[PDB]
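The primary structure of each chain is shown beneath.
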There are 2 protein chains.
Amino acid sequence: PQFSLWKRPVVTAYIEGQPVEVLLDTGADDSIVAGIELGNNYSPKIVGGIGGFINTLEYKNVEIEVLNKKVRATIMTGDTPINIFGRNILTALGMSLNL
Amino acid sequence: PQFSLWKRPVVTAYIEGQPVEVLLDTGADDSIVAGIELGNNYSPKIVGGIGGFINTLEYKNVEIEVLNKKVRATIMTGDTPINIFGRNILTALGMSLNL
Ligand SMILES: CC(C)[C@H](C[C@H](O)[C@H](CC1CCCCC1)NC(=O)[C@H](CC(N)=O)NC(=O)c1ccc2ccccc2n1)C(=O)NCC(C)(C)C
């Protein structure tokens, strides 16, 4: 692949067969997605940004599959208008930011 | 070339000659730098983030030098918990997200 940033990096990933449309965010440290069943083994946490805090639920070791690559990362469940795939996943996907 | 997302993408930049430390955020439409005086040619704007919406003072055609590039882009001042260089500078700088 290769992504020009004239339009937000929007991709389709699978959070265990569950298709979701996620944003390629080099600025997030963690990743958040909505309306996903990930089970009962979660870690309650709050995250802060611009505008304040939100409560998520951390699920470690969730297998994902994006851009023809399979990764096993950590995702949290919070309510966001848009799902984010921060660096935890980008670094795993083997993603870089070039010039 | 490329770079890694292991390292959180933090850089130093001169925002109209003030060295400012910023975060290369390819999941941000805009540029929000906190506590800097840019003048009187503003225009209040509204930016949305994860935790909510913050009120900002919009400054256009601001002179920016980052990663050894001179570029003039719209800078937004505000209450961001962290200074970000949105995709509006990422297009300008000619950056792309590769895999
Ligand atoms: C503050 C930083 C460092 C980082 C912010 C992200 O890059 C972050 C991710 C999401 C984008 C979509 C809406 C949810 C938040 N981006 C942003 O906060 C940028 C800032 C900007 N205006 O340039 N926001 C936006 O680009 C943006 C526009 C669409 C929106 C629609 C509705 C509500 C909010 C919206 N925010 C962050 O908060 N990380 C923590 C994490 C991953 C838990 C959010």
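Residues numbered from 1 in each chain as written, not as in the entry; some residues may be left out. Chains lettered and ligands numbered in written order. Heavy atoms only, no water. Residues with missing side-chain atoms left out of burial classes, pairs and counts.

Chemist: Sorry if this is basic, but what is going on with the pairing of strand β4 (residues 44-48) of chain B here?
Modeler: Here is the key point about a regular strand: its side chains alternate between the two faces of the sheet. Residue and element names in this part refer to chain B. Inspection of the sheet shows β4 paired to strand β5 (residues 53-66) by 5 bridges, in the antiparallel sense. Within the sheet, the bridge partner assigned to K45 lies in β5 and is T56. Counting the residues that bridge the hairpin from β4 to β5 gives 4 residues. (Pairing = 2+ DSSP bridges. Helix = DSSP H or I, 4+ residues; strand = E, 2+ residues; numbered from the N terminus.)

Chemist: What is the right way to read the relation of the copies chain B and chain A from this model?
Modeler: Aligned on chain A, chain B shows an RMSD of 1.0 Å; the corresponding rotation is 177 degrees and the shift along the axis is 0.1 Å. With respect to symmetry, the two chain copies, as superposed, fit the operation of a two-fold axis. Looking at the rotation axis and the C-alpha trace of chain B, the residue lying nearest is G51 of chain B, at 1.7 Å. In this assembly the copies share their binding face: 94% of the residues contributing to the interface of chain B also contribute to that of chain A. (Least-squares fit on C-alpha atoms. Contact = heavy atoms within 4.5 Å.)

Chemist: I keep staring at the UniProt feature "active site" in chain A and nothing clicks. Help me out?
Modeler: UniProt's feature table lists "active site" at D25 of chain A, given in the numbering used throughout. Here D25 of chain A is to be found in the loop between β3 (19-24) and β4 (32-33). With sequence-adjacent residues up to four places away left out, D25 of chain A is seen in contact with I84, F85, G86, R87 and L90 of chain A together with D25, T26 and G27 of chain B. (UniProt positions renumbered as here; feature names shortened; annotations may be inferred.)

Chemist: What's the story with the sheet that holds strand β8 (residues 96-98) of chain B in this structure? I'm lost.
Modeler: Strand pairing in a sheet is mediated by backbone hydrogen bonds. Such pairs are either parallel or antiparallel. Strand order in the open sheet made by the 3 strands is β1(A)-β8(B)-β9(A), with antiparallel pairing throughout. Only two strands of the sheet have a single partner each, and these edge strands are β1 (3-4) and β9 (96-98) of chain A. Here β1 of chain A runs beside β8 of chain B; their pairing, made up of 2 bridges, is antiparallel. Residue pairing in the sheet places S4 of chain A in a bridge with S96 of chain B of β8 of chain B.

Chemist: Just checking my understanding: could you explain the site of the ligand for this structure?
Modeler: Around the ligand, 26 residues are found, and the nearest of them are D25 of chain A together with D25, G27, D30 and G48 of chain B. Near the ligand, the surrounding residues belong to chains A and B. At 3.0 Å from an oxygen atom of the ligand is found a main-chain nitrogen or oxygen belonging to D30 of chain B. If the ligand stood free it would expose 840 Å²; the protein chains cover 89% of that surface. Among the residues forming the shell around the ligand, the class breakdown is 13 nonpolar, 7 polar and 6 charged. (Near = heavy atom within 4 Å. Polar contact = N/O pair within 3.5 Å; in protein donor to acceptor, adjacent residues only side chain to side chain. Areas by Shrake-Rupley, 256 points an atom, 1.4 Å probe, with all protein chains shown as cover. Nonpolar A, V, L, I, M, F, W, Y, C, P; charged D, E, K, R; others polar.)

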